$ cat my_file38.cif   # mmCIF, C-alpha atoms and all ligand atoms
data_model
loop_
_atom_site.label_atom_id
_atom_site.label_comp_id
_atom_site.auth_asym_id
_atom_site.auth_seq_id
_atom_site.Cartn_x
_atom_site.Cartn_y
_atom_site.Cartn_z
CA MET A 1 -214.36 -2.87 77.09
CA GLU A 2 -213.48 -6.00 75.15
CA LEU A 3 -215.10 -5.42 71.79
CA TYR A 4 -215.90 -7.89 69.09
CA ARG A 5 -213.20 -7.36 66.48
CA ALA A 6 -212.53 -9.45 63.41
CA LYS A 7 -210.11 -9.34 60.51
CA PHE A 8 -211.10 -10.83 57.16
CA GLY A 9 -208.97 -11.56 54.12
CA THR A 10 -205.43 -10.59 53.17
CA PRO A 11 -204.53 -6.90 52.83
CA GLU A 12 -202.81 -7.03 49.46
CA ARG A 13 -204.38 -3.63 48.55
CA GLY A 14 -204.51 -2.35 52.10
CA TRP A 15 -207.17 -2.35 54.79
CA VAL A 16 -210.76 -1.20 54.89
CA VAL A 17 -212.23 -0.51 58.32
CA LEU A 18 -215.94 -1.19 58.48
CA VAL A 19 -218.11 0.99 60.71
CA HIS A 20 -221.75 -0.11 61.10
CA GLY A 21 -224.73 2.04 62.03
CA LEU A 22 -227.13 2.42 64.94
CA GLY A 23 -228.80 -0.73 66.21
CA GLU A 24 -227.08 -3.09 63.74
CA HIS A 25 -223.72 -4.85 63.70
CA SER A 26 -220.90 -5.85 61.40
CA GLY A 27 -222.33 -9.30 60.63
CA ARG A 28 -224.83 -7.78 58.20
CA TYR A 29 -221.98 -6.89 55.80
CA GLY A 30 -220.91 -10.39 54.77
CA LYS A 31 -221.51 -9.73 51.07
CA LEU A 32 -219.41 -6.55 50.96
CA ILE A 33 -216.63 -8.11 53.04
CA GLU A 34 -216.49 -11.09 50.68
CA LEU A 35 -216.33 -8.84 47.61
CA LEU A 36 -213.62 -6.63 49.14
CA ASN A 37 -211.54 -9.67 50.11
CA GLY A 38 -212.00 -11.02 46.59
CA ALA A 39 -210.62 -7.75 45.22
CA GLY A 40 -207.52 -7.90 47.45
CA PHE A 41 -208.48 -5.89 50.55
CA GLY A 42 -208.33 -6.92 54.15
CA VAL A 43 -211.39 -5.84 56.12
CA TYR A 44 -211.25 -4.94 59.82
CA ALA A 45 -214.71 -5.26 61.35
CA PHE A 46 -215.89 -4.44 64.84
CA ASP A 47 -219.19 -4.11 66.67
CA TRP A 48 -219.75 -0.81 68.46
CA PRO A 49 -220.12 -0.81 72.25
CA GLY A 50 -223.71 -1.70 73.04
CA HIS A 51 -224.13 -3.35 69.64
CA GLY A 52 -223.90 -6.79 68.08
CA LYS A 53 -221.44 -9.17 69.73
CA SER A 54 -219.76 -6.41 71.74
CA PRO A 55 -220.65 -5.96 75.43
CA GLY A 56 -222.43 -3.06 77.04
CA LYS A 57 -225.94 -1.73 77.56
CA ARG A 58 -227.67 -1.79 74.17
CA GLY A 59 -227.38 1.48 72.27
CA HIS A 60 -225.19 3.18 74.85
CA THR A 61 -222.13 4.65 73.18
CA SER A 62 -221.06 7.71 71.19
CA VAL A 63 -219.54 8.86 67.93
CA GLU A 64 -216.48 10.00 69.87
CA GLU A 65 -216.14 6.53 71.38
CA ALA A 66 -216.28 4.94 67.93
CA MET A 67 -213.59 7.32 66.64
CA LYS A 68 -211.31 6.27 69.51
CA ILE A 69 -211.96 2.64 68.54
CA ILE A 70 -210.88 3.55 64.99
CA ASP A 71 -207.75 5.19 66.45
CA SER A 72 -206.93 1.90 68.17
CA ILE A 73 -207.51 -0.09 64.98
CA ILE A 74 -205.17 2.16 62.97
CA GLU A 75 -202.53 1.80 65.70
CA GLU A 76 -202.90 -1.99 65.57
CA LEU A 77 -202.66 -2.12 61.77
CA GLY A 78 -199.62 0.14 61.61
CA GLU A 79 -200.77 1.69 58.31
CA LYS A 80 -203.37 4.10 56.89
CA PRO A 81 -206.68 2.33 56.05
CA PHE A 82 -209.68 3.17 54.01
CA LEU A 83 -212.86 3.74 56.03
CA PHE A 84 -216.33 2.47 55.10
CA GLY A 85 -219.28 3.50 57.24
CA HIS A 86 -223.05 3.28 56.93
CA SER A 87 -225.62 5.70 58.44
CA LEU A 88 -224.41 6.47 62.00
CA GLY A 89 -221.23 4.78 60.81
CA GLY A 90 -221.13 7.03 57.75
CA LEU A 91 -221.34 10.12 59.95
CA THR A 92 -218.61 8.60 62.12
CA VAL A 93 -216.16 7.99 59.28
CA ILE A 94 -216.75 11.51 57.95
CA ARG A 95 -216.03 12.91 61.42
CA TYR A 96 -212.92 10.73 61.58
CA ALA A 97 -211.75 12.08 58.21
CA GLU A 98 -212.26 15.58 59.64
CA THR A 99 -210.60 15.10 63.04
CA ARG A 100 -207.79 12.66 62.06
CA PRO A 101 -207.36 13.97 58.50
CA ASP A 102 -203.94 12.52 57.77
CA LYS A 103 -204.55 9.03 59.15
CA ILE A 104 -206.61 7.46 56.35
CA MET A 105 -206.36 6.71 52.63
CA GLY A 106 -209.97 7.65 51.90
CA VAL A 107 -213.50 7.49 53.23
CA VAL A 108 -216.63 5.85 51.80
CA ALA A 109 -219.91 6.85 53.45
CA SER A 110 -223.14 4.96 52.71
CA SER A 111 -226.26 7.00 53.60
CA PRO A 112 -224.36 9.07 56.21
CA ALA A 113 -226.44 10.74 58.92
CA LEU A 114 -226.02 14.35 57.76
CA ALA A 115 -229.61 15.66 57.92
CA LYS A 116 -232.42 15.11 60.40
CA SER A 117 -235.17 12.74 59.33
CA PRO A 118 -238.54 14.47 58.78
CA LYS A 119 -239.91 11.74 61.07
CA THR A 120 -237.77 13.10 63.93
CA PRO A 121 -239.54 16.11 65.49
CA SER A 122 -237.37 19.12 66.28
CA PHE A 123 -238.12 18.87 69.99
CA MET A 124 -236.53 15.41 70.02
CA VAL A 125 -233.22 17.00 69.02
CA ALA A 126 -233.56 19.53 71.84
CA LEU A 127 -234.53 16.74 74.26
CA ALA A 128 -231.46 14.71 73.31
CA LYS A 129 -229.23 17.70 74.15
CA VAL A 130 -230.71 17.67 77.64
CA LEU A 131 -230.94 13.94 78.25
CA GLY A 132 -227.41 13.43 76.95
CA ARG A 133 -226.18 15.64 79.80
CA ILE A 134 -228.41 14.79 82.78
CA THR A 135 -229.29 11.14 82.02
CA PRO A 136 -226.66 9.95 79.51
CA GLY A 137 -227.35 6.29 80.30
CA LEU A 138 -231.12 6.51 79.85
CA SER A 139 -232.13 4.07 77.12
CA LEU A 140 -234.87 5.08 74.69
CA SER A 141 -236.44 3.86 71.48
CA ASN A 142 -234.65 4.96 68.32
CA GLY A 143 -237.92 5.66 66.51
CA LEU A 144 -236.90 3.75 63.39
CA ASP A 145 -239.57 2.33 61.09
CA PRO A 146 -237.91 -0.82 59.65
CA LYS A 147 -240.13 -0.64 56.56
CA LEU A 148 -238.19 2.51 55.62
CA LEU A 149 -234.87 0.62 55.52
CA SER A 150 -235.14 -1.15 52.17
CA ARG A 151 -237.38 -1.72 49.17
CA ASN A 152 -236.53 -5.43 49.64
CA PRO A 153 -239.22 -6.88 51.91
CA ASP A 154 -237.06 -9.90 52.74
CA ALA A 155 -234.23 -7.62 53.86
CA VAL A 156 -236.63 -5.81 56.16
CA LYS A 157 -237.85 -9.08 57.59
CA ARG A 158 -234.30 -10.25 58.22
CA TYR A 159 -233.50 -7.03 60.08
CA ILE A 160 -236.55 -7.43 62.25
CA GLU A 161 -235.75 -11.04 63.04
CA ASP A 162 -232.04 -10.52 63.63
CA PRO A 163 -231.46 -11.09 67.35
CA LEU A 164 -228.36 -8.86 67.34
CA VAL A 165 -230.38 -5.91 65.99
CA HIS A 166 -231.98 -3.67 68.62
CA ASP A 167 -233.91 -0.40 68.71
CA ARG A 168 -232.18 1.20 71.71
CA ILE A 169 -230.39 4.54 71.79
CA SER A 170 -229.07 6.16 74.93
CA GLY A 171 -229.31 9.83 75.81
CA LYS A 172 -225.54 10.09 75.35
CA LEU A 173 -225.67 8.53 71.88
CA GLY A 174 -228.61 10.68 70.78
CA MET A 175 -226.82 13.85 71.86
CA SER A 176 -223.66 12.66 70.12
CA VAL A 177 -225.48 11.95 66.87
CA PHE A 178 -227.07 15.40 66.54
CA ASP A 179 -223.99 17.26 67.72
CA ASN A 180 -221.76 15.42 65.29
CA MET A 181 -224.24 15.93 62.41
CA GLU A 182 -223.73 19.69 62.84
CA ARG A 183 -219.96 19.41 63.21
CA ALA A 184 -219.72 17.22 60.09
CA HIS A 185 -220.88 20.15 57.99
CA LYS A 186 -218.95 22.84 59.89
CA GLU A 187 -215.61 21.00 59.59
CA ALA A 188 -216.08 19.71 56.02
CA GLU A 189 -213.00 21.63 54.82
CA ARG A 190 -210.77 19.64 57.20
CA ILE A 191 -211.05 16.50 55.07
CA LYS A 192 -207.91 15.85 52.97
CA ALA A 193 -208.44 12.22 51.89
CA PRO A 194 -210.62 11.21 48.90
CA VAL A 195 -214.36 10.93 49.60
CA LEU A 196 -217.17 8.80 48.16
CA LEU A 197 -220.76 9.41 49.29
CA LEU A 198 -223.56 7.00 48.32
CA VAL A 199 -227.24 7.87 48.83
CA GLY A 200 -230.67 6.56 47.90
CA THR A 201 -232.96 9.28 46.60
CA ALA A 202 -236.02 8.01 48.51
CA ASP A 203 -234.20 7.76 51.85
CA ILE A 204 -236.14 9.54 54.61
CA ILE A 205 -234.14 8.08 57.50
CA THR A 206 -231.10 10.13 56.41
CA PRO A 207 -232.36 12.59 53.78
CA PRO A 208 -229.92 12.66 50.86
CA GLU A 209 -229.71 16.46 50.78
CA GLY A 210 -227.44 16.15 53.80
CA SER A 211 -224.87 14.38 51.61
CA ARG A 212 -225.46 16.81 48.76
CA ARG A 213 -224.69 19.73 51.06
CA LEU A 214 -221.60 18.00 52.39
CA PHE A 215 -220.33 17.36 48.88
CA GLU A 216 -220.49 21.08 48.11
CA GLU A 217 -218.95 21.91 51.49
CA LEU A 218 -215.94 19.67 50.96
CA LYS A 219 -212.76 21.29 49.68
CA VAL A 220 -210.92 18.10 48.78
CA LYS A 221 -210.80 17.75 45.01
CA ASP A 222 -211.15 13.94 44.79
CA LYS A 223 -214.77 13.85 45.95
CA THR A 224 -217.64 11.84 44.46
CA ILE A 225 -221.36 11.54 45.22
CA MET A 226 -223.45 8.72 43.75
CA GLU A 227 -227.24 8.66 43.87
CA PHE A 228 -229.40 5.56 43.47
CA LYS A 229 -232.79 6.63 42.18
CA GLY A 230 -235.65 5.27 44.27
CA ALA A 231 -233.54 3.40 46.82
CA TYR A 232 -234.34 3.65 50.53
CA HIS A 233 -231.87 4.02 53.43
CA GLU A 234 -230.18 0.64 52.89
CA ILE A 235 -229.04 0.26 49.28
CA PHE A 236 -227.13 -2.98 50.07
CA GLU A 237 -230.07 -5.29 49.40
CA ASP A 238 -232.12 -3.06 47.09
CA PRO A 239 -233.63 -5.11 44.24
CA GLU A 240 -232.68 -2.57 41.60
CA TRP A 241 -229.42 -1.24 43.00
CA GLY A 242 -227.86 -3.64 45.55
CA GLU A 243 -225.38 -5.18 43.13
CA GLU A 244 -224.43 -1.88 41.51
CA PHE A 245 -224.00 -0.30 44.93
CA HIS A 246 -221.53 -3.01 45.92
CA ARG A 247 -219.69 -2.69 42.61
CA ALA A 248 -219.25 1.08 42.91
CA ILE A 249 -217.73 0.77 46.33
CA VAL A 250 -215.25 -1.90 45.28
CA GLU A 251 -214.32 -0.12 42.06
CA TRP A 252 -213.72 3.15 43.92
CA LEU A 253 -211.52 1.44 46.51
CA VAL A 254 -209.59 -0.46 43.82
CA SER A 255 -209.01 2.73 41.82
CA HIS A 256 -207.72 4.53 44.95
CA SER A 257 -205.46 1.70 46.10
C1 LIG B 301 -231.92 10.50 73.27
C2 LIG B 301 -233.17 11.34 73.21
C3 LIG B 301 -234.07 10.89 72.07
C4 LIG B 301 -233.27 10.27 70.94
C5 LIG B 301 -234.17 9.50 70.00
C6 LIG B 301 -234.25 10.19 68.65
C7 LIG B 301 -234.01 9.19 67.53
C8 LIG B 301 -232.68 9.48 66.87
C9 LIG B 301 -232.50 8.63 65.62
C10 LIG B 301 -231.05 8.60 65.20
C11 LIG B 301 -230.92 8.00 63.81
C12 LIG B 301 -229.48 8.11 63.34
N1 LIG B 301 -229.34 7.25 62.19
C13 LIG B 301 -229.99 5.98 62.46
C14 LIG B 301 -229.93 7.90 61.03
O1 LIG B 301 -228.14 7.05 61.97
#

$ encode --input "my_file38.cif" --output "structure tokens" --more "lines below"
Ligand SMILES: CCCCCCCCCCCC[N+](C)(C)[O-]
Amino acid sequence: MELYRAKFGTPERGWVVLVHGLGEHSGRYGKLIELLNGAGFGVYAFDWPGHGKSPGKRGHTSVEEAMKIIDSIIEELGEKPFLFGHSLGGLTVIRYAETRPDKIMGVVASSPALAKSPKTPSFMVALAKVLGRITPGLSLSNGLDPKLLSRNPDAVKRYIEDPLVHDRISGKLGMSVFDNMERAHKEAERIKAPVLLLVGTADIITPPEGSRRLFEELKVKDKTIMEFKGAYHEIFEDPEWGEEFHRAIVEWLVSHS
């Protein structure tokens, strides 16, 4: 399909490919894109199939599809980029670093989906394995409580009112998410590029222990995990940590350029 793709800035320090999460879109990352451009990076943004300004039934895609999109972006750029992904997008960039290990300069994962939420019952995981096979196009609610996204009430309100944000997830995408969560841990030793993981300690959408386990599972030496005490799933707009969170990402990318 014809996706929504956009390039921002001049890639004096290289490229950073931005990979958004489930139900959102790349337009929510204007602040980070501006900061990265200001530091000398180009940013390549896209909206997943079924998300944002891209076409397709809402929420109907897969982690594998996103990785193929990343393949295409790296072919277009003609050089190794950094990857930045959040939530579903954080899981995706970790899986990309595992399955295309020599194609990137490094990977930054914000709240990557590496552990099941306690709000997601175990039978829902088993159901997704079935529905992903027999009714892959079936569209269901993602179960997300927006109040769990951020300690910033205005950020939560914006998310709710954003017309590009949706709560759909297909059977195919649900199956892909839980399957790739498992594989992300099993294949952790395949990563060769430097890694930065960023988590909020109060995140129950993607429990931080998933990142903590991954950090220990990684074999690459240049690995870093940063915790933000009290932050929810989205640290970007957190009142206490939003600015620091942005700064850590930029500083890490600058130091690895
Ligand atoms: C498809 C069968 C039922 C699937 C619905 C279960 C909800 C899955 C929530 C996925 C959340 C992944 N996330 C947002 C943390 O990245």

$ residues_near_ligand --input "my_file38.cif" --ligand "ligand LIG 301 (chain B)" --cutoff "9 Å" --atoms "only C-alpha atoms and all ligand atoms" --output "VMD selection string"
chain A and resid 21 to 23 86 to 91 111 to 117 120 to 121 124 to 132 136 138 to 144 168 to 175 177 to 178 205 to 207 233

$ write_last_selection --input "my_file38.cif" --atoms "C-alpha atoms" --output "short mmCIF file (atom, residue, chain, number, x, y, z; two decimals), in the coordinates of the input"
data_model
loop_
_atom_site.label_atom_id
_atom_site.label_comp_id
_atom_site.auth_asym_id
_atom_site.auth_seq_id
_atom_site.Cartn_x
_atom_site.Cartn_y
_atom_site.Cartn_z
CA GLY A 21 -224.73 2.04 62.03
CA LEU A 22 -227.13 2.42 64.94
CA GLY A 23 -228.80 -0.73 66.21
CA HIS A 86 -223.05 3.28 56.93
CA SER A 87 -225.62 5.70 58.44
CA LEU A 88 -224.41 6.47 62.00
CA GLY A 89 -221.23 4.78 60.81
CA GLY A 90 -221.13 7.03 57.75
CA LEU A 91 -221.34 10.12 59.95
CA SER A 111 -226.26 7.00 53.60
CA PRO A 112 -224.36 9.07 56.21
CA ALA A 113 -226.44 10.74 58.92
CA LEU A 114 -226.02 14.35 57.76
CA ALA A 115 -229.61 15.66 57.92
CA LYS A 116 -232.42 15.11 60.40
CA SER A 117 -235.17 12.74 59.33
CA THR A 120 -237.77 13.10 63.93
CA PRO A 121 -239.54 16.11 65.49
CA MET A 124 -236.53 15.41 70.02
CA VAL A 125 -233.22 17.00 69.02
CA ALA A 126 -233.56 19.53 71.84
CA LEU A 127 -234.53 16.74 74.26
CA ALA A 128 -231.46 14.71 73.31
CA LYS A 129 -229.23 17.70 74.15
CA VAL A 130 -230.71 17.67 77.64
CA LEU A 131 -230.94 13.94 78.25
CA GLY A 132 -227.41 13.43 76.95
CA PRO A 136 -226.66 9.95 79.51
CA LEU A 138 -231.12 6.51 79.85
CA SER A 139 -232.13 4.07 77.12
CA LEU A 140 -234.87 5.08 74.69
CA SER A 141 -236.44 3.86 71.48
CA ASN A 142 -234.65 4.96 68.32
CA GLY A 143 -237.92 5.66 66.51
CA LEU A 144 -236.90 3.75 63.39
CA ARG A 168 -232.18 1.20 71.71
CA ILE A 169 -230.39 4.54 71.79
CA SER A 170 -229.07 6.16 74.93
CA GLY A 171 -229.31 9.83 75.81
CA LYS A 172 -225.54 10.09 75.35
CA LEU A 173 -225.67 8.53 71.88
CA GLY A 174 -228.61 10.68 70.78
CA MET A 175 -226.82 13.85 71.86
CA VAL A 177 -225.48 11.95 66.87
CA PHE A 178 -227.07 15.40 66.54
CA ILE A 205 -234.14 8.08 57.50
CA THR A 206 -231.10 10.13 56.41
CA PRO A 207 -232.36 12.59 53.78
CA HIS A 233 -231.87 4.02 53.43
#

$ closest_residue --input "my_file38.cif" --among "A:137, A:200, A:9, A:230" --to "residue 35 in chain A" --atoms "all atoms listed in the file"
A:9

$ residues_near_point --input "my_file38.cif" --point "(-208.2, 6.5, 60.0)" --cutoff "8 Å" --atoms "only C-alpha atoms" --output "number ranges by chain"
A: 70-71, 74, 80-83, 96-97, 100-105

$ write_last_selection --input "my_file38.cif" --atoms "C-alpha atoms" --output "PDB file, in the coordinates of the input"
ATOM      1  CA  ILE A  70    -210.880   3.550  64.990  1.00  0.00           C
ATOM      2  CA  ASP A  71    -207.750   5.190  66.450  1.00  0.00           C
ATOM      3  CA  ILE A  74    -205.170   2.160  62.970  1.00  0.00           C
ATOM      4  CA  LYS A  80    -203.370   4.100  56.890  1.00  0.00           C
ATOM      5  CA  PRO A  81    -206.680   2.330  56.050  1.00  0.00           C
ATOM      6  CA  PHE A  82    -209.680   3.170  54.010  1.00  0.00           C
ATOM      7  CA  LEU A  83    -212.860   3.740  56.030  1.00  0.00           C
ATOM      8  CA  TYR A  96    -212.920  10.730  61.580  1.00  0.00           C
ATOM      9  CA  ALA A  97    -211.750  12.080  58.210  1.00  0.00           C
ATOM     10  CA  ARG A 100    -207.790  12.660  62.060  1.00  0.00           C
ATOM     11  CA  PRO A 101    -207.360  13.970  58.500  1.00  0.00           C
ATOM     12  CA  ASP A 102    -203.940  12.520  57.770  1.00  0.00           C
ATOM     13  CA  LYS A 103    -204.550   9.030  59.150  1.00  0.00           C
ATOM     14  CA  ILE A 104    -206.610   7.460  56.350  1.00  0.00           C
ATOM     15  CA  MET A 105    -206.360   6.710  52.630  1.00  0.00           C
TER      16      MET A 105
END

$ closest_residue --input "my_file38.cif" --among "A:76, A:234, A:209, A:98" --to "residue 153 in chain A" --atoms "only C-alpha atoms"
A:234

$ closest_residue --input "my_file38.cif" --among "A:167, A:79, A:65, A:244" --to "residue 11 in chain A" --atoms "only C-alpha atoms"
A:79

$ residues_around --input "my_file38.cif" --residues "residue 154 in chain A" --least-positions-apart "5" --cutoff "10 Å" --atoms "all atoms listed in the file" --output "list in words"
residues 159, 160 and 237 of chain A

$ closest_residue --input "my_file38.cif" --among "A:95, A:166, A:39, A:145" --to "residue 57 in chain A" --atoms "only C-alpha atoms"
A:166

$ residues_around --input "my_file38.cif" --residues "residue 150 in chain A" --least-positions-apart "4" --cutoff "7 Å" --atoms "all atoms listed in the file" --output "MDAnalysis selection string"
chainID A and resid 155:156 232:235 238

$ build_atoms --input "my_file38.cif" --residues "range 206-225 of chain A" --atoms "N, CA and C atoms" --output "PDB file, in the frame of the given file"
ATOM      1  N   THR A 206    -232.157   9.133  56.546  1.00  0.00           N
ATOM      2  CA  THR A 206    -231.100  10.130  56.410  1.00  0.00           C
ATOM      3  C   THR A 206    -231.329  10.815  55.072  1.00  0.00           C
ATOM      4  N   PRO A 207    -232.068  11.912  55.052  1.00  0.00           N
ATOM      5  CA  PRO A 207    -232.360  12.590  53.780  1.00  0.00           C
ATOM      6  C   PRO A 207    -231.101  12.855  52.985  1.00  0.00           C
ATOM      7  N   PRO A 208    -231.102  12.490  51.712  1.00  0.00           N
ATOM      8  CA  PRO A 208    -229.920  12.660  50.860  1.00  0.00           C
ATOM      9  C   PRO A 208    -229.376  14.076  50.699  1.00  0.00           C
ATOM     10  N   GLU A 209    -230.183  15.097  50.922  1.00  0.00           N
ATOM     11  CA  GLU A 209    -229.710  16.460  50.780  1.00  0.00           C
ATOM     12  C   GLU A 209    -228.566  16.715  51.756  1.00  0.00           C
ATOM     13  N   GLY A 210    -228.528  15.974  52.859  1.00  0.00           N
ATOM     14  CA  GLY A 210    -227.440  16.150  53.800  1.00  0.00           C
ATOM     15  C   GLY A 210    -226.119  15.832  53.119  1.00  0.00           C
ATOM     16  N   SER A 211    -226.063  14.744  52.365  1.00  0.00           N
ATOM     17  CA  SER A 211    -224.870  14.380  51.610  1.00  0.00           C
ATOM     18  C   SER A 211    -224.575  15.377  50.482  1.00  0.00           C
ATOM     19  N   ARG A 212    -225.626  15.841  49.824  1.00  0.00           N
ATOM     20  CA  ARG A 212    -225.460  16.810  48.760  1.00  0.00           C
ATOM     21  C   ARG A 212    -224.845  18.088  49.303  1.00  0.00           C
ATOM     22  N   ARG A 213    -225.286  18.543  50.471  1.00  0.00           N
ATOM     23  CA  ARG A 213    -224.690  19.730  51.060  1.00  0.00           C
ATOM     24  C   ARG A 213    -223.240  19.500  51.433  1.00  0.00           C
ATOM     25  N   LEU A 214    -222.953  18.332  51.987  1.00  0.00           N
ATOM     26  CA  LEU A 214    -221.600  18.000  52.390  1.00  0.00           C
ATOM     27  C   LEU A 214    -220.662  17.976  51.189  1.00  0.00           C
ATOM     28  N   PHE A 215    -221.139  17.451  50.072  1.00  0.00           N
ATOM     29  CA  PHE A 215    -220.330  17.360  48.880  1.00  0.00           C
ATOM     30  C   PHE A 215    -219.878  18.751  48.447  1.00  0.00           C
ATOM     31  N   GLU A 216    -220.796  19.702  48.452  1.00  0.00           N
ATOM     32  CA  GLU A 216    -220.490  21.080  48.110  1.00  0.00           C
ATOM     33  C   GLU A 216    -219.605  21.767  49.152  1.00  0.00           C
ATOM     34  N   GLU A 217    -219.711  21.327  50.397  1.00  0.00           N
ATOM     35  CA  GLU A 217    -218.950  21.910  51.490  1.00  0.00           C
ATOM     36  C   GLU A 217    -217.510  21.410  51.509  1.00  0.00           C
ATOM     37  N   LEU A 218    -217.280  20.222  50.977  1.00  0.00           N
ATOM     38  CA  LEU A 218    -215.940  19.670  50.960  1.00  0.00           C
ATOM     39  C   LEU A 218    -215.022  20.489  50.069  1.00  0.00           C
ATOM     40  N   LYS A 219    -213.753  20.563  50.450  1.00  0.00           N
ATOM     41  CA  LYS A 219    -212.760  21.290  49.680  1.00  0.00           C
ATOM     42  C   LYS A 219    -211.804  20.339  48.974  1.00  0.00           C
ATOM     43  N   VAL A 220    -211.755  19.093  49.428  1.00  0.00           N
ATOM     44  CA  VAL A 220    -210.920  18.100  48.780  1.00  0.00           C
ATOM     45  C   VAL A 220    -211.390  17.917  47.347  1.00  0.00           C
ATOM     46  N   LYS A 221    -210.437  17.797  46.423  1.00  0.00           N
ATOM     47  CA  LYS A 221    -210.800  17.750  45.010  1.00  0.00           C
ATOM     48  C   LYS A 221    -211.332  16.381  44.609  1.00  0.00           C
ATOM     49  N   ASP A 222    -210.730  15.305  45.123  1.00  0.00           N
ATOM     50  CA  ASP A 222    -211.150  13.940  44.790  1.00  0.00           C
ATOM     51  C   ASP A 222    -212.357  13.592  45.661  1.00  0.00           C
ATOM     52  N   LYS A 223    -213.512  14.138  45.281  1.00  0.00           N
ATOM     53  CA  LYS A 223    -214.770  13.850  45.950  1.00  0.00           C
ATOM     54  C   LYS A 223    -215.801  13.390  44.921  1.00  0.00           C
ATOM     55  N   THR A 224    -216.649  12.449  45.331  1.00  0.00           N
ATOM     56  CA  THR A 224    -217.640  11.840  44.460  1.00  0.00           C
ATOM     57  C   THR A 224    -218.919  11.599  45.251  1.00  0.00           C
ATOM     58  N   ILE A 225    -220.068  11.897  44.644  1.00  0.00           N
ATOM     59  CA  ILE A 225    -221.360  11.540  45.220  1.00  0.00           C
ATOM     60  C   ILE A 225    -222.145  10.744  44.191  1.00  0.00           C
TER      61      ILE A 225
END
